[PDB]
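Engineer: Following this message is one structure expressed as structure tokens.
In structure tokens, the structure reads:
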């Protein structure tokens, strides 16, 4: 009986460099134990741009974590890593399950030119 906090997806996978992109990390607790409050941080290539602690994550239920990331335009590819509680306050199931390393690109279609 252990919370297996798994960051499943990070949408959108391609981001518009026009605004502060409220991205949605879908964290699903794929373990049969309801998890308590946990700090989900967005690590861009290692740096922590934003941290949003979630109230709770139920067993086999998913929570939508909204990140507050201002697109810098520093790169065309960002290595967004959703590390579910890097402090391991809630000891998760599998070691590599609490992290999500996914490349997000800059969206070709922009809502605004610049």
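Residue numbers (our numbering): 22 to 135. A virtual CB, placed ideally from N, CA and C, is assigned to each residue, including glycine.
#1: Could you tell me the boundaries of the beta strand (DSSP E) in which residue 104 lies?
#2: Could you compute how far the alpha carbon of residue 62 sits from the alpha carbon of residue 125?
#3: Is the distance from the Cβ of residue 137 to the Cβ of residue 99 below 9 Å?
#4: How is the beta strand (DSSP E) around residue 28 delimited, first residue to last?
#5: Could you tell me whether the segment 108-117 touches the segment 84-97, where touching means 3 or more Cβ pairs closer than 8 Å?
#6: Taking only the alpha-carbon atoms, compute the straight-line gap between residue 55 and residue 79 and give it to the nearest angstrom.
Structural biologist: Let's see:
#1: Within the chain shown, numbered from 1, the residue matching residue 104 stands at position 83. Boundaries of the beta strand (DSSP E) harbouring residue 104: 98-105, taken from the DSSP string.
#2: One-based indexing of the chain shown puts residue 62 at position 41. One-based indexing of the chain shown puts residue 125 at position 104. Computed Cα separation, rounded: 16 Å.
#3: In the structure as shown, the chain begins at 22 and stops at 135. Residue 137 is therefore absent and cannot be evaluated.
#4: Taking the chain shown and counting its residues from 1, the one referred to as residue 28 is at position 7. Segment 26-32, the beta strand (DSSP E) holding residue 28.
#5: Proximity of the segment 108-117 to the segment 84-97 falls short of the contact definition, fewer than three beta-carbon pairs being nearer than 8 Å.
#6: Here residue 55 is taken as the residue at index 34 of the chain shown, counted from 1. Here residue 79 is taken as the residue at index 58 of the chain shown, counted from 1. It is roughly 4 Å from the alpha-carbon of residue 55 to the alpha-carbon of residue 79.
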